[PDB]
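Participant: sharing the initial chains of the complex here, in place:
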Amino acid sequence: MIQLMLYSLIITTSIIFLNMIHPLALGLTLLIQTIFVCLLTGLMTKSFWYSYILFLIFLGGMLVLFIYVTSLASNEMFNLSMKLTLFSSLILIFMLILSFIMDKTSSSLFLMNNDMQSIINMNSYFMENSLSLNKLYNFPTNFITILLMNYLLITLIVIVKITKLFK
Amino acid sequence: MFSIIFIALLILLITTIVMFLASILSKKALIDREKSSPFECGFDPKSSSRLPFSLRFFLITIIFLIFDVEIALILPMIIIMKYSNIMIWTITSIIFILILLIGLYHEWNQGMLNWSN
Amino acid sequence: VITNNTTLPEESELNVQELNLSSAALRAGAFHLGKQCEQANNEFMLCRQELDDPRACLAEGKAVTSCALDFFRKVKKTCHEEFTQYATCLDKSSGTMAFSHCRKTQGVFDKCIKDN
Amino acid sequence: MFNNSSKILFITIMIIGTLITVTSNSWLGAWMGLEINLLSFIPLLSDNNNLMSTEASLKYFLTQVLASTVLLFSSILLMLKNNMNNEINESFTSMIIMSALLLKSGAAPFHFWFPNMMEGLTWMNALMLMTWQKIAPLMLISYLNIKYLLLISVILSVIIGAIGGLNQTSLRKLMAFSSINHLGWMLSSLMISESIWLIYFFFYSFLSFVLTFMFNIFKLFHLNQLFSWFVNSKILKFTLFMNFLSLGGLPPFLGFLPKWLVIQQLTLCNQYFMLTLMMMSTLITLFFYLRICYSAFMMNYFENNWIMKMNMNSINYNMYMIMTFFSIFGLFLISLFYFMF
């Protein structure tokens, strides 16, 4: 089933992550991890709003730095090993068959997706992000957003102070 | 979602099958020492050719991240505008954009893209 | 959370008739049903709003479903073809079930109600 | 505010970030403030003019970042399994939060980064890390209430904190070891009470502030430099250097006033054994300070020849030796302090 399969894929990729040493191979590994984690948090959330968000910030923009500066390339390309792939396939499958075996429900989270809320709940019949993101802007908990944007402004003042060492 | 997930898996599988198929459809040739060299307009490639990483492109992409995150902050304004208190939503959003402009215009007078190098 | 000391209703108390109607069925007869029976609903889910314990609201809930049942039995007797057509539009016409695509049938169904 | 105008900016952002922590209501808010501190401080520490500054930067960042990572993580666990910021009791949920904070402030077993730092840091940059980058993690340690971990920290907060100081010849590393020992006193003091801890840190801030602020003035970086630093009379060479003994807090130097306060309240808690150990090590702290003061107690040494005059900033020198004079005759102000009751 999707949820625990997604655990399994994250476990397998994590084992891949701790083995790989080529920087691209690691950075590639992060990329897959991010899709998986976005999928997983989405499932247990009220909706996928935050998943789309952190996708485009974390992965879409910010992993570009990591791959780009890790374009050192090692001066040479991968020597891919079909063995860790086969073990990855092998470990995936019997984890997957166990996933078919494991208890259908109890092996699932308990969080309350929009569907898993009760019918009577008059609040749930609004736009899915309306009531969640309300107090990010409504007082008196919105000034912290102002702190975020100025933090980012200051972050740029810092980057031009570190990235401007005589060139 | 998983309807989307399955469709993407199906497409990707069909995609790799097509490229896998073309890999057998295309005739093979005995490999050649020179057929597998980097293309440098027909004159021998130099030493490793790994480009220098002393440059600005990370700096531009860092500007991307700052504005990319700031974009994240302002995305939800569409929905909350019907619910949030109007003063706070009004002023709060307005100062976001205002600070952005002032950062931009202050930064033009800085002119940071017109680097000496 | 519930325990054997707690109080619950009787099976018979719960066993009352329900609508069995489709989405298009209800959403078609919505408006002319809303004003006929709103006191039922109003006091019904008012007590639900203020007080959440459903054990007491069972009586008024039975009233609500009965009142709606009564209206549609009147619809069944009086205007069948008009109402059914309006229902058939309201679903066949769109996957969002919006009133803004078969108002002509909505008008004629209103005519029949105006006559009855 | 060392060279550029941006020094003022990052200091300001740093202050706000750390002030968030001390005023933070929930662990998450405190974590938020801590990271803002992490931002604001790296550029000051990572001067672009030299090299050594930059290496200190990776180590500081690469350490603090992990500290914040673990801190927030352990916060979630505590504030999951207890579903409340103030757990009913201190369990394994909470020791990790201290271990985060202890590393962040550079406490006993988690200190090795801290000496390696000093090589890179210049004086006031070091100073600023010495004083202010230890407030927030300590004030949080206040909220955490695991006796035994603090106790092991206090035990080991002087042993290494003094034994290493015996060995160092670079003033940068000595200040590191000097503070780790003093940090031993704060940690014990915070296990006892907070008002006294507040006082003791302040006097430590004052004392460390004046100390390194003259070392910045004359740019004395090595014991040889201290022996060689020209002074017209070789008397103010000695009057100024009393403060090196105010480090040990020997009664007529005003460092005694805080150490007395901590000792009084600590023994009132009846942890007599702990006092003995810290106070045994205090002598080793004062030991290498005399090792420093061989330069000035005796007079008229052998000196270099080329120097004829010695000069320094008006502002720094004018501020500096007002702070010194207080370090000389501070006690008689016994009345002026009313925060001990």
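Facilitator: Here it is on my side, so go on. Numbers count the residues shown, from 1 in each chain, chains lettered A, B, ... in the order given.

Participant: tell me, how many residues neighbour residue D:36?
Facilitator: Residues lying near residue D:36 (other CB atoms under 10 Å in any protein chain shown) number 22. For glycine as for every other residue, the C-beta is placed from the backbone atoms N, C-alpha and C.

Participant: so out of everything in chain C, what residue is nearest chain B?
Facilitator: Nearest residue of chain C to chain B: residue C:95, at 16.0 Å (CB to the nearest CB).

Participant: which residues of chain A lie near chain D?
Facilitator: Contact residues, chain A versus chain D (CB under 8 Å from any CB of the partner chain): A:151, A:154-155, A:157-158, A:161-162, A:164-166.

Participant: which ones among these also lie next to chain B?
Facilitator: residue A:155.

Participant: mind putting the residues of chain A next to chain D into a markdown table with distance to residue A:62?
Facilitator: Compiled in a markdown table, the residues of chain A next to chain D are given as follows (distance: CB to CB, whole Å):
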| residue | distance to residue A:62 |
| --- | --- |
| A:151 | 15 |
| A:154 | 18 |
| A:155 | 12 |
| A:157 | 19 |
| A:158 | 16 |
| A:161 | 20 |
| A:162 | 17 |
| A:164 | 21 |
| A:165 | 23 |
| A:166 | 27 |
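
Participant: buried residues in the helix or strand harbouring residue A:145, which are they?
Facilitator: Here residue A:145 sits within helix A:143-162, counting by DSSP states H and E. Across helix A:143-162, burial judged by 16 or more other CB atoms under 10 Å in any protein chain shown covers A:145, A:148-149, A:151-156, A:158-161.

Participant: what's the closest non-adjacent residue to residue 48?
Facilitator: I'll assume chain A. The shortest distance from residue A:48 to any non-neighbouring residue, by CB to CB, 6 or more residues apart in numbering or on different chains, is to residue A:42 (4.1 Å).

Participant: wrong one, I was asking about chain C
Facilitator: Nearest to residue C:48 is residue C:57, by CB to CB, 6+ apart, at 5.3 Å.

Participant: also put chain E on there:
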Amino acid sequence: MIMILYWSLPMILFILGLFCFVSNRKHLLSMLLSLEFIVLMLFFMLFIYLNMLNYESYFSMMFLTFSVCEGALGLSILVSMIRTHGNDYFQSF
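Facilitator: Okay, here's chain E dropped in alongside the others:
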């Protein structure tokens, strides 16, 4: 056990991240990438908690905004460091 069935996977990944953070790597890039994986896991623990909470959910942005800044600072000091020494290689340390 609640944690063993629910908060276990986040633990196992988080610890594995730290060990890779203290392993042996030619340069520090593998380290930065290691802590970056940890951030994703850090987000994972954070979100499942914020999901316990009806609307406190929005705190994701606060954590995300801060976390990316750490990475940017991380790349900042590294890239300036290659430029200084012509390399930021652990042999230089």
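
Participant: the neighbour count of residue D:36 again, this time with chain E added?
Facilitator: By other CB under 10 Å, 24 other residues sit near residue D:36.

Participant: OK, contacts around it?
Facilitator: A:151, D:13-14, D:16-18, D:20, E:66 (CB atoms under 8 Å, 6 or more residues apart in numbering or on different chains).

Participant: nearest to residue D:190 among the residues you listed?
Facilitator: The nearest member of those to residue D:190, counting by CB to CB, is residue D:18 at 17.0 Å.

Participant: surely the closest one meets residue D:138?
Facilitator: No. Assessed by CB atoms under 8 Å, residue D:18 is found out of contact with residue D:138, at 11.2 Å.

Participant: who are the contact partners of residue C:48?
Facilitator: Contacts of residue C:48 (CB under 8 Å, 6+ apart): A:120, C:54, C:57.

Participant: in helices only, show me those residues.
Facilitator: When the contacts of residue C:48 are checked against helices (DSSP state H), the matches are C:54, C:57.

Participant: most neighbours out of the contacts of residue C:48, which is it?
Facilitator: Counting neighbours by other CB under 10 Å, residue C:57 leads those with 18 neighbours.

Participant: tally up the residues packed near the residue nearest to residue A:114 when sequence neighbours are not counted, please.
Facilitator: Leaving aside its sequence neighbours, residue A:114 sits nearest to residue A:46 (CB to CB, 6+ apart; 5.0 Å). Residues lying near residue A:46 (other CB under 10 Å) number 23.

Participant: cool, the one 3 residues further on as well?
Facilitator: Other residues lying near residue A:49 total 20 when counted by other CB under 10 Å.

Participant: any part of the longest helix seen in chain D near chain B?
Facilitator: The helix spanning the most residues in chain D, taking DSSP H as the definition, is helix D:52-81. No. With CB under 8 Å from any CB as the criterion, chain B is not reached by helix D:52-81; the gap is at least 15.2 Å.

Participant: any buried residues in that helix, and which?
Facilitator: Using 16+ other CB under 10 Å as the test for burial, helix D:52-81 gives D:53-80.

Participant: let's add chain F too:
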Amino acid sequence: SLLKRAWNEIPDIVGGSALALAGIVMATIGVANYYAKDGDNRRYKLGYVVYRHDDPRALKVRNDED
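Facilitator: Once chain F is put in with the chains from before, the structure reads:
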């Protein structure tokens, strides 16, 4: 001088800037118009709002048309 100088150098920014000033002014006009009608006893309410008779909200419910 500066007036034509900018309007000759950076026409898009001048045009954009005039747009921004236009928007904020009418935005303030929007807020003012909003609170002329008190803007909070809104005509149409999300969910199913009900009030017992005499409730201060009930005393306030708009009896208008839309």
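
Participant: again for the contacts of residue C:48, chain F present now?
Facilitator: For residue C:48, the contact set (CB under 8 Å, 6+ apart) comprises A:120, C:54, C:57.

Participant: run the last query once more with 10 Å
Facilitator: Residues near residue C:48 by CB atoms under 10 Å, 6 or more residues apart in numbering or on different chains: A:120, A:122, C:41, C:54, C:56-57, C:60-61, F:48, F:50.

Participant: and residue A:146, what is it in contact with?
Facilitator: Counting by CB under 10 Å, 6+ apart, residue A:146 touches B:73, B:92, B:95-96, B:99.

Participant: give me that answer again for 8 Å
Facilitator: Applying CB under 8 Å, 6+ apart, the residues contacting residue A:146 are B:92, B:95.

Participant: cool, the one 3 residues further on as well?
Facilitator: Contact criterion CB under 8 Å, 6+ apart gives B:70, B:73, B:96, B:99 as the residues in contact with residue A:149.

Participant: same deal with residue D:258?
Facilitator: So residue D:258 contacts D:185, D:199-200, D:203-204, D:249 (CB under 8 Å, 6+ apart).

Participant: may I have stretch D:274-288 as CSV, with CA atoms only?
Facilitator: Provided in CSV are the C-alpha atoms of stretch D:274-288 (Å, rounded to 0.1, in the frame of the first residue of the first chain):
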residue,chain,number,x,y,z
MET,D,274,31.4,20.4,44.3
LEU,D,275,32.7,23.7,45.7
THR,D,276,35.9,22.0,46.7
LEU,D,277,36.6,20.7,43.3
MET,D,278,35.9,23.9,41.3
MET,D,279,37.7,25.9,43.9
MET,D,280,40.7,23.5,43.8
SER,D,281,40.9,24.1,40.1
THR,D,282,40.5,27.8,40.5
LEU,D,283,44.1,27.9,41.9
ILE,D,284,45.3,26.3,38.6
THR,D,285,43.4,29.0,36.8
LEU,D,286,45.2,31.6,38.9
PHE,D,287,48.4,29.7,38.5
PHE,D,288,49.0,30.4,34.8
